[PDB]
Each structure stands twice: as C-alpha cells, then as structure tokens.
J.: 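I am attaching a structure below and will ask some questions about it afterwards.
Values reported hereafter were calculated over all heavy atoms of this structure, with side chains retained and with hydrogens, waters and symmetry mates removed. Here is how names work: the chains are called A, B, and so on, in the same order as the sequence lines, proteins then strands, and each is numbered from 1.
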Amino acid sequence: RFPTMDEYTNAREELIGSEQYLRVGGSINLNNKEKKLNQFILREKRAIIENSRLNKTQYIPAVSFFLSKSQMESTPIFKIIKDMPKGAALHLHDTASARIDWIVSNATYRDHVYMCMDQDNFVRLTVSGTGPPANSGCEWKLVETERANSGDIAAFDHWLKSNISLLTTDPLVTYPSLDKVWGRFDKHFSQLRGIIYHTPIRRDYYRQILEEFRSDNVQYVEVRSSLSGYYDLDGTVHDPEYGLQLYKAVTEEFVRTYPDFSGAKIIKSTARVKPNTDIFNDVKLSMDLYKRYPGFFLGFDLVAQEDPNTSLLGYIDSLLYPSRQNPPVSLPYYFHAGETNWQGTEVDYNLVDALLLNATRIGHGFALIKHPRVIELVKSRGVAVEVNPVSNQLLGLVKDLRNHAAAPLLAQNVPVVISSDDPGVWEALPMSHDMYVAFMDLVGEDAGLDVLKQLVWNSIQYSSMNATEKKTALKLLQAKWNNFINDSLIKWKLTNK
Amino acid sequence: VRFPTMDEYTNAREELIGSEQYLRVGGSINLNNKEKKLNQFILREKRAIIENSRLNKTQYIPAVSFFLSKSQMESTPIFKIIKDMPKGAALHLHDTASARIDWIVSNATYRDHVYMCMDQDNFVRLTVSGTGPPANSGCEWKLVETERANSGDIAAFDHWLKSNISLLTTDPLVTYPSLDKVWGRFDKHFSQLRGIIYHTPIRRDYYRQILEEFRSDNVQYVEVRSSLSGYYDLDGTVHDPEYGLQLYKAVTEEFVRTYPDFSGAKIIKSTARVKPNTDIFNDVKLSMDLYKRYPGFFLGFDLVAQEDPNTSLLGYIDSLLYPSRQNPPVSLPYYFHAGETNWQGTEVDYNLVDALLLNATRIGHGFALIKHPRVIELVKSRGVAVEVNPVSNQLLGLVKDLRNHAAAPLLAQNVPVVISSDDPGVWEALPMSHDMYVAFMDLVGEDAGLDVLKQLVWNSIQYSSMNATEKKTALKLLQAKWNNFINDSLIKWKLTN
Ligand SMILES: *[C@@H]1O[C@H](CO)[C@@H](O[C@@]2(O)O[C@H](CO)[C@@H](O)[C@H](O)[C@H]2NC(C)=O)[C@H](O)[C@H]1NC(C)=O
Ligand SMILES: *[C@@H]1O[C@H](CO)[C@@H](O)[C@H](O)[C@H]1NC(C)=O
Ligand SMILES: *[C@@H]1O[C@H](CO)[C@@H](O)[C@H](O)[C@H]1NC(C)=O
Ligand SMILES: *[C@@H]1O[C@H](CO)[C@@H](O)[C@H](O)[C@H]1NC(C)=O
Ligand SMILES: *[C@@H]1O[C@H](CO)[C@@H](O)[C@H](O)[C@H]1NC(C)=O
Ligand SMILES: *[C@@H]1O[C@H](CO)[C@@H](O)[C@H](O)[C@H]1NC(C)=O
Ligand SMILES: *[C@@H]1O[C@H](CO)[C@@H](O)[C@H](O)[C@H]1NC(C)=O
Ligand SMILES: *[C@@H]1O[C@H](CO)[C@@H](O)[C@H](O)[C@H]1NC(C)=O
Ligand SMILES: [Zn+2]
Ligand SMILES: [Zn+2]
C-alpha cells in the first residue's frame, strides 16, 4: 500500500536495511573518523562497480588473480586494505606461506643445495651434505655450479622462480581443470620438499613467514605444519616434537624482537592419503603434544586434496579415540572440510562429521551453503569458517569470485575469518590480496569499512587464543586500528570531509 | 562419552543428513514401489558418473559448457529417462526464441519475399519485403531464393544460415569470453531474426511450432513472454498488441482442440527495459486493459532485455505502482525477471526487493537471491516461484561450472522453484529436457533422485497461473502421464522382476 513514493521508499529501505543489519558487521557503529574513511571507500567501490556495469567491461576484482593482482595494487581500496591491521591469519600451511623469492635468493644460495629436472620437466631442489643425491629419475647438479656457469645469474634466478610459482602463467588457462591444476599444485610441493625440510632452511623459512605476515600488518598467525622429518646436513632426521620446539623458539624470539606482534600457535596436519592405522598414531601424537605444549600446540587437521582422498568418516575411529578415553581427552580439530563443488557426496558430507567431531574452526566450507542444517549448527555453536578466496579460485572451485560460496554465508552472518592458505605458492601477500577480493567480491557495493572491521575482529575473536590472550591482542589491535584510521584520513585527504 | 560406539555415531550422522534430505525440494515425497525401482536405477547411474569423475580425477561433464555436454548427455540413461519424463510446464520462455532455428531455415527462409544481407559485423540478417528489396541502410539486401539457387550447394547454404544464427555453432564460453561479449552475440541473434520473425504469417506459424516442439518434449503447458506488438503483413500493415494476443489465442485454442493431452498456454506481455518510462507507462496501461478483457489468457507484465546495464524496476516505479494506485485499485500481476546478475548490493540485484514489494507472482532467475536472506523469506512465505533457467545462466555469463549455480542453495532450502529453458531455440536446446538434466545433475546432490524430478515437475503446474479448475484438470493429466512414464520406464530399462 504505497499511495505516495515516501511509503514505498520506507518499506524498501526497511527491507534493505534489515539485510544490511543482518550481514557480517551489520551491528557495528562506526565513529566519526571511521565514517569519513567509510564514505571514501564506498565512493571508490561504487565508481569501479558502476564503471564495470554501465560501461560493460569486466569486473577486475573478480577475474583470475593472475590478471587482477597487478591491477588492484594501484587502487585506493587496495592501498587502504594493505595499510589496515588484519588481526590474524588463521588458515596457513607452513611450507607455503613465505616468498618463493626467498627460497631462490636465500635458500638456493646456501651450501650443498642441489637441483634436477624431473621427468615432468620441473626443477626440484634438495640439500645433501653427504655427496650428490642418487640419480633416481633425475640427475642432481650442484646449484652453485649451475648458477656460476649460467652466463646470466639474474635470468637463472628468475627461471628458478618462474619454474616454481603457480602465477608464472594464469593457472585458469594453463591448467584448465581441477585435476590439472591440482597436478600442478602437488608438483610445486614436490619441487620444494627436499630443500624446505632441511632443518636450518625450515627454521629460517618459518621465521620469514612471521616477518612477512608482520610486514602486511598481521599480528598473529595459526599455522598448519606436519612438524616431522626435518633433517640436518649429516643426515639426522628429527621427530615432530623437535619440529614443534623449533617453531616455538623462533616464535618466542620474534615476539621478543617485535612486541607489537602477538605471536603464533601451531596445528598438526597429516595428509589424508595415509592408512587409518597411521592416522591413529598421529592422533595419539597430537594428544601428547596438546597436553605437554598447552597454548602453543592447538590440535589436529587432515590435509591434501579433499575430493579424491579419504573422508573424515574413513578415519572416524581414530578421530573419536580421544573422546572415548577414560577420562576423555578433548583434542581440538581444525578440519579442512567441504573444499569441493560436489553435493550429496562423501566429500561435502565431511562437513557433517566435522560438526559431529566438534571442530573448533572449519577450513573452507565451500559446500556449506548447500547444507542448511550444518549452517545452523555452525552459527549456533560459533564455529568460524576459514575462507580463502584466492586459493578457491586458482585451485578450481570457482572462476568469477562473485560466485564464491562464502558470499551467502556472510550475508547470513555465519562466523567467517579471511585467510590466504598458500600465499607463497602463487605470489600473494599474507592477507591483503585475499582481504581485498573478499571485500570486493564476497560482499556488496553498499558494504564498507564495517565489514572489514568485523572480519578483522573475527580473526582474533575466533582465534584459539585463550580469553586473557584475546583481550591483550584486542587492546593491541585497537591501537593499530586507531593509528590506521588517523593515518588514512591524512593520506587520502579526508580530514575535513 | 557422546559416541562410545559406531552405532551411536551413525545414528546421529544419519539423523542429521536425513533431516537435510527432508528439507530440500522433493524431500517430503514418498515414492511407491514402482517409483522406487526406477529411483534405484537412477541413483546407481548418478553415483557411477559422479564417482568416476571424483575418483578417476576427470571433469564432471554434466557441469561443463553446454556446447561440450549436449552430445555426451544425450547417450546416457539418465538423460533418456528425463527425455521420456512428463515435464509439466515450461513457465519461463520468450516467444521469439523457443522454436528451432532449423525451422526458421527450412520453412521460413523458403517463403516468398524473404531477403538476406550481411551486416557490418559480418552476420546474416533476414527480413520480409513485399515491395522489392528493402532500402540498403547498412547492408545490401538480396532475395534468399536467388542466393540459395546461386549458392552451388543448397544443403551447405542452409547449414551456413543455421550456423550463422545459432549461439551453439561454437562454444560461447570460448568465442565470447565475457558478459559483454556474449550478450553482444545474444543481442545480435535477435537482430538477425527480427525482420523475418515479425512477419505475421511467419510469427503465427513459429508460435505454433513452439507448441508442437514443447508437446514433443512431453511438456503439456507453457507460459510465454511476448512483446505482442509490431507483427506486419506483406503489404506493410503493422498490427497492434491486442491483435498479436488474439493471434496467439487462436493458435493456442486450435492446438488444444487437436491435442487434448496438452493443457495449453497463457501469455505474459514483456517490454524491453531500455525504453523511456513513458513507453513502459503505456505498456502498463495496455496490460491493465488486456488483463481485464482477456482473463485466463493474458497474465500480466514483465520487463526484459539485459538486466545489468539497463533500467532498474525502481526506475519505472511510478508506472509499476500506477495500477495499485487507481480508485478502485487494479491488480496487474507481475512476472519480473529479477536478479539475473552476479552483482551484489547494486541497483540490479536490488530489483529483487522491488519485485517482491510489487507482489510479483513469479520471479525470473533470481540468480542473486541466495545473497538476500530477507527476500528469501518473502519468496518462501508468499509462494513466489523462482524460474530457474540453468543453461541460459551458464551460456550468458553468470556461471561456468553449473555446480556453482546459485539456485542449488535455493533448492536445498526448499525455495519454490520451477525449471525452464528461457531461449532454447537460440542455442539448440530441447524445450525442457536439457535444462532438467543439468538441474538434476548439477543443482542437487548425488543422493537426490526421482523425488527431486517429480517435485520440480509438479511445481511447474502448481506454480503456473492456471485457475483452480484448470489446475485440478492439469494435475490429473500429469498424474496419468507420470504413471505411464513409470511403467514404460520399468520395462525399457529392464527393472521389473
Ligand atoms: C620449467 O623449466 C623448464 C626447463 O627450462 C621449461 O622447459 C621448457 O619447456 O621451456 C621452454 C619454454 O619456456 C622451452 O623452449 C624449452 O624447450 C623447454 N625446456 C626443456 C628442457 O624441455 C618448462 O616449461 C618450465 N615449466 C614451467 C611450468 O615453467
Ligand atoms: C500487494 O499485495 C498486498 C496483499 O494482497 C496488498 O495489500 C497490496 O496492496 C499489494 N501491493 C501492490 C503494490 O500491489
Ligand atoms: C564510462 O566511461 C566513460 C569514459 O570511458 C566515463 O566518462 C563514464 O563516466 C563511465 N561511466 C561510469 C558509470 O563510470
Ligand atoms: C639467509 O638468511 C639467513 C638467516 O636469516 C642470513 O644469515 C643470510 O645472510 C641469508 N642468505 C643466505 C644465503 O644464507
Ligand atoms: C562435543 O562437545 C560437547 C559439548 O561441548 C560434549 O559434551 C561432547 O561430548 C563432545 N563430543 C565429542 C565427539 O567430542
Ligand atoms: C576409473 O576408471 C577405470 C577405468 O580406467 C574403471 O575401472 C573404474 O571403475 C573407475 N573408477 C570409478 C570409481 O568409476
Ligand atoms: C511451412 O509451414 C507452413 C505452416 O504449417 C506449411 O504450410 C508449409 O508447407 C511449410 N513449408 C515447408 C517448406 O514445409
Ligand atoms: C557468419 O557468416 C560469415 C560469412 O560467411 C562468416 O565470415 C562469419 O564468421 C559467420 N559468423 C558466425 C558467428 O558464424
Ligand atoms: Zn588449507
Ligand atoms: Zn527470460
């Protein structure tokens, strides 16, 4: 009943307003300084969207990261997000979270590093103190010699980087299927496995994760790591507790050096390709490290490609073992779950088992929007979904990022944290690229700084810090946020707006 | 301990999965024993194709471009069962795009006074002129009869005409790899046929071919969008919209009298949303008048043409609110295309808010609906069926992998949905069987079978605009066709025992 345009406007704005309040960040009340920055962001967002829509050209924030990376980095919204404190990156893999450039310019300049071209014509890297490795399907050569004989060291080093990065070409073009791009992604890890498991390189690589994340204004990380098998020049192989202690010592020194950094905690990950009887041992291992490293060791996760490998149900007696002890042991789980386009299959039904197993957070949950009951359990229990949008695009779940299945989750205020997954593999920053695409593609044109602030706060509030640590971290984050707001008003000439 | 045994765990697991099954489209259907026999065969076939794709790591063909999947699906049991299955109704169709290009070629371009030219973009155009060739405005018109006779190869000439008009000659996802490019090609298709298909005897016979083709795909009823206006005779006489409506009414009545196994057709007036508000106002008043004087054949009004770059519903709001604001009010039903977009928080997807505030009877596409939880509530509460056209949404740029189709989460929440084909003539689809196949294989899960199909089929009659008497009669008819389909299928697939 709209006799005049005012009654129609009022009902229209009431319904739209209800959705805006319901979505992520909708209950935030911005202060006056925040509002001025918010209005600039919203003007910028409308300008790029309206140009795409009305001038009938592609929306760059939603195309392949290969194409959009160099375009977004010059824009004001990206520069604001780059400067913004992120809080925490809660979904990361320890052999994929520092720069390939550091592997090349630092690790492959160390003594005793070898390279070979494998039968698929990819370079592999490893360390051997005890002579060159055996020619098992590839001929190892000392990198120092190959580089010194290249006749162009800059080109040699660039070739190493180009042969290892997944962003050398557009993966959506070069590996145009799920199985092809996962073939390339699995190959990347095989290329670096040898060098990245040598103990002093692994130690320093982990330190580089912390340096790079701090440099992108991330103050805290939770990292998945397999922990085991770091090896020395003399061939000594270390156990998982040693690997955990190695990370603990690096983290403590880093936080000593940088008290503006909250620190790190570690999740043990095992590949879901192994027999149940081996997963059982890794569950027992995790129960032990959880008891003896409280507050640094968080719990357990299963990784490797979800679709063709073993389901959570395929491991259910291992995963139920802690809860079944007398007295029960509660081993926290952080399951990767539902990282798939399938529906009604044992892959997306991993989400059901993740909830039945009391997962603390869920990795990806791309299939979650197809499961209305699992959504309601996730919301009612406060189980944060770790959303990694660049990863999901480049690794084959979606092409146009406005079709990312987390957008309907955010619209319902499902608890979500943004993370980068494997940023080093495809040359992403620790958080700013993923936060930009989440901001530009997974929420709407009228969604501004309140969404960003809520996602940032979510990454601490749904971290696995204890309550006291969260309060301390939020105090530090609030000071970072206030500086970011003031700096941004000056930088974007908004102060009198 | 919550799950001390496997039976305690599977009990909880199956109750949770079962409760989601009860909540999706078709989840309340109880199949009888014959239907269960066919359902078990369908589910075995569905599991075989999905598990092969998943475990043998190869593309899921039902979800790839229609250009690639069409020939592969047609040889499979599931497609052949859907082909035989009664579809109920196609509720979302456009009258100049719902019969075969082959008929335009083999019938329409063999008629007297048909001319062709190559336009400046190098596409063939077709028109009719009773007074010699038309003015050569931007192309040189030639008589088709002469060109065909001088072609030197008549079959190749006719095949070339078809190949120059169809969007499935090449894969649109490859040849027109952006929204603007493929909508450019799509707009061009209509320009190519516009002249010939607005000539009155051709337009009449083409509309008859829509009814014959849909009947042949076991569709018993259609509701069709039509602009209704501008049909023209050999001597240049141009008819008004009421004449177009009467012409369709006569063709429909003759068809139903010939084929009692066919329920019939009703018409929705469409206007392109590139026009000034003064034009839409005139077409709203025309629709008010046709609704009053052709009850039960003229249904109401819709706005068409590409949604993203053109005028919003709010841009016409004074015209659209005019019927309700009369004294006494006149209730002009609306069937708005709405939210056919990847945009979020913009003028375009917010058309969904206005469509509901204006009391739409059904909404076309609603691709953006899953991003609008408060609109979803109204759609469910009011029983506003969403017309889902999956092949159209893929080929015209909203999605690549159809498992990412935004209607899959709608179906999982039991949003009222009907499947339709939109413009099947344009890209060589069947009236319903291809779209029902991709909906069944991509938009619901591995464990969703004959109950989903049956519900979608019943929905298309239940959410039609038939009156109470017609609907009861049509549902008895549909039940009869369905029983014959189940019995025939048990024999054909050798499922009886
Ligand atoms: C990794 O490095 C390979 C060795 O250079 C490279 O091999 C070829 O394909 O690269 C050239 C094209 O860039 C081509 O001219 C050479 O003939 C190839 N070299 C050999 C020894 O076969 C691979 O393509 C690189 N792979 C990636 C993914 O970058
Ligand atoms: C929509 O329908 C309601 C309920 O029938 C009615 O009261 C209202 O006037 C209608 N509004 C319009 C704009 O037609
Ligand atoms: C479209 O582009 C032109 C120039 O290329 C520009 O003037 C115009 O404002 C653009 N429109 C929008 C809405 O950005
Ligand atoms: C690599 O990093 C280490 C430790 O961070 C540093 O001492 C060294 O200078 C760098 N380069 C190499 C080749 O070791
Ligand atoms: C899950 O959590 C609930 C409440 O926290 C607890 O009672 C239950 O036993 C837990 N289940 C498992 C499998 O650990
Ligand atoms: C995978 O393909 C092989 C043939 O190469 C076949 O034997 C096997 O059954 C397939 N597996 C599945 C799960 O379809
Ligand atoms: C075209 O269809 C019309 C109308 O049914 C029919 O009379 C005519 O014979 C057809 N032309 C051809 C070549 O079949
Ligand atoms: C249409 O025909 C012309 C002339 O043969 C040809 O060059 C052109 O590529 C064709 N276009 C399409 C889209 O098939
Ligand atoms: Zn991960
Ligand atoms: Zn349509």
J.: Checking B/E20 side chain against A/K370 main chain: does a donor-acceptor pair fall under 3.5 Å?
T.: no
J.: With respect to chain B, which residue among A/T57, A/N341, A/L320, A/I316 yields the maximal number of heavy-atom pairs within a distance under 4.5 Å?
T.: A/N341
J.: For B/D349, is it the side chain, the backbone, both or neither that has a heavy atom under 4.5 Å from a heavy atom of chain A?
T.: neither
J.: For B/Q306, which atoms come within 4.5 Å of any heavy atom of chain A: side chain, backbone, both, or neither?
T.: neither
J.: What part of A/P372 gets within 4.5 angstrom of chain B, counting heavy atoms only: side chain, backbone, both, or neither?
T.: both
J.: Side chain, backbone, both or neither: which part of B/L410 has a non-hydrogen atom closer than 4.5 Å to chain A?
T.: neither
J.: Are any of the side-chain nitrogens in A/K399 or B/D401 under 4.0 Å away from the carboxylate oxygens of its partner?
T.: no
J.: Restricting to non-hydrogen atoms, name the atom on B/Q344 and the atom on A/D441 that form the minimum distance, rounded to 0.1 Å.
T.: OE1-O, 4.5 Å
J.: Between A/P176 and chain B, which part of the residue has a heavy atom less than 4.5 Å away: side chain, backbone, both or neither?
T.: backbone
J.: Please classify the contact of A/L377 with chain B as side chain, backbone, both or neither, using a heavy-atom distance under 4.5 Å.
T.: side chain
J.: Whether the side chain of A/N403 engages the backbone of B/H405 through a donor-acceptor N/O pair (distance < 3.5 Å, no angle test) should be reported.
T.: no
J.: Which one wins on heavy-atom pair count under 4.5 Å against chain A: B/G345, B/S53, B/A12?
T.: B/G345
J.: Do you know the tightest heavy-atom contact between A/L356 and B/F3?
T.: O-CE1, 3.6 Å
J.: Looking only at heavy atoms, which two atoms of A/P3 and B/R325 are closest? And how far apart?
T.: O-NE, 3.4 Å
J.: For B/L23 and A/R373, work out which heavy atoms get closest and say how close.
T.: CD1-CG, 4.0 Å
J.: Mind running side chain to side chain donor-acceptor pair (under 3.5 Å) on A/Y349 and B/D447 for me, showing each step along the way?
T.: CA-CA 11 Å; A/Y349 281 130; B/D447 55 4; 2.6 Å; yes
J.: Quick check against the 3.5 Å criterion: does A/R53 have a side-chain atom that pairs as donor or acceptor with the backbone of B/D308?
T.: yes
